[PDB]
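Let's start with one chain on its own, the form deposited without the named molecule, as structure tokens.
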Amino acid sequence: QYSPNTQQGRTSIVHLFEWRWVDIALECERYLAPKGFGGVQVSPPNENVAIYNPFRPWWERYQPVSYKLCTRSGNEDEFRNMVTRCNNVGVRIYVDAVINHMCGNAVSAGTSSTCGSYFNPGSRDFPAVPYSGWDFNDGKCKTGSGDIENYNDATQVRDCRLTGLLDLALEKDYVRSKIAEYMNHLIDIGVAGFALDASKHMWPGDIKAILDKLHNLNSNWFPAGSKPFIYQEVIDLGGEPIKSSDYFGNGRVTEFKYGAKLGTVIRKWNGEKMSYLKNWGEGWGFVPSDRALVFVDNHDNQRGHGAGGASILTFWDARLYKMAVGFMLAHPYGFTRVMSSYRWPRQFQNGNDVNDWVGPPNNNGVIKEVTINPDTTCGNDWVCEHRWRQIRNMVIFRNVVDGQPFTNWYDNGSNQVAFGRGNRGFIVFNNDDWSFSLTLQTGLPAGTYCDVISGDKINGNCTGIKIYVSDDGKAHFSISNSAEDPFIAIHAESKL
């Protein structure tokens, strides 16, 4: 459960938030495969409630109606097509599995679903699964409202409804088997793993029971005995009775403290500085690296909908965001996931964005296709951060330095730091309000290297900054606090 099952050489997965299946299949072939991306995290592929008020928000996909592969992203045929094509090119598919609950208990009964499936939240009836009143733990929850009211009570956090979402009785073998049937269907199709949504709201033992019913990966693409990659979404920022370490026996866990602390450091909040990142990782109280799933921002907290708060960096803070993602992709801690979003009309009323529910670019509810501009950027409101040179090149940087130790660390006691990865890579950062000009030890072999942040290595030449490393591995770095990208990265494969 702990290995991503990516092709040797690929070290990151990208979350193509709300992308259609056909667009992902194309992206796998035309860009993800050639640029060295290990895999893609897709949005929930199972039927969800169609919410028209507000108009088709992104969170409607976290309110299941059934397990049919029928969503705004496409149907089962298109989904299968995408997994085959992506797998055939070495790019794995990870599914966002919403198995802790069904839709909101207050949702209207009828056929307002993405596949026309009938459902009645009031009577706990979901015939398309099928599920009934006996499959929910309305009788198990002990709160007066039936919802979770106190996170200091680990019991209600797991047995009560998260903001009204009908809670499934995961202790029942019937329910465990219905969820496993859904996941095994996806595994046999070709998926390599799953992101377990709201894992904090499920008992570690109930999850284990379910994972015990799952098949090994499809032997047509994976070696015999391959187990699905599992990363549990547990928001543990400390202070609660529930700990993310309680889920270690099931697989990896999302480390939400990672993006939160990186944000406050890069933003220089509370007097924090980049020089403190010297012992970044377990030294900061994070979970063990071999159990961590890290990211800068996620679909939730990028719109103030998740843990992290106001410190979280997103594409909106382009300059600082590129620097944070760059540090993450260069540092050895955990397995990295890159975010890929879409633009929405942010509208801060009282320090709050009242348009944080807005769903993906669409035409009367129909998701817009991802169009590629001549410069490789995306159109139709898709941000495509994974296509930004600075990020795309750092993804490759991680692949090239995979396995190399953390060394040659340098810092000015402020916000000017640098470090290398064995003898395969070196990165320098300038987050101070002044210029950086100094000769540093890179531990790299002598030669001329192309800076992969400002440019690219094309045709035996660099399109951006060039760095000259001497015989003793020393090289001079000059970064003005006025540079578009205040950091420089060079590696073995960017050498001339």
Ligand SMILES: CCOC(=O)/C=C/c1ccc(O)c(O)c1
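So that there is no doubt, residue numbering starts at 1 and follows the sequence shown.
Keep in mind that the form deposited with the named molecule bound is not shown, yet the notes after this line are about it.
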Check whether residue 118 has any heavy atom within 4.5 Å of a heavy atom of the named molecule in the deposited complex, and answer yes or no.
no
Would residue 381 count as a contact of the named molecule in the deposited complex, using a 4.5 angstroms cut-off between non-hydrogen atoms?
no
Is residue 405 close enough to the named molecule in the deposited complex to count, meaning some heavy atom within 4.5 Å?
no
Answer with yes or no whether residue 422 is in contact with the named molecule in the deposited complex, where contact means some heavy atom within 4.5 Å.
no
Any chance 245, 255 and 287 all have a heavy atom within 4.5 Å of the named molecule in the deposited complex?
yes
From the candidate stretches 247 to 255, 324 to 332, 181 to 189, 422 to 430, select the single one in contact with the named molecule in the deposited complex, where contact means a heavy atom within 4.5 Å.
247 to 255
Taking 4.5 Å between heavy atoms as the contact cutoff, choose which of 292, 370, 395, 141 touches the named molecule in the deposited complex.
370
In this chain shown alone, the residue from 33, 26, 50, 69 with a heavy atom within 4.5 Å of the named molecule in the deposited complex is 26
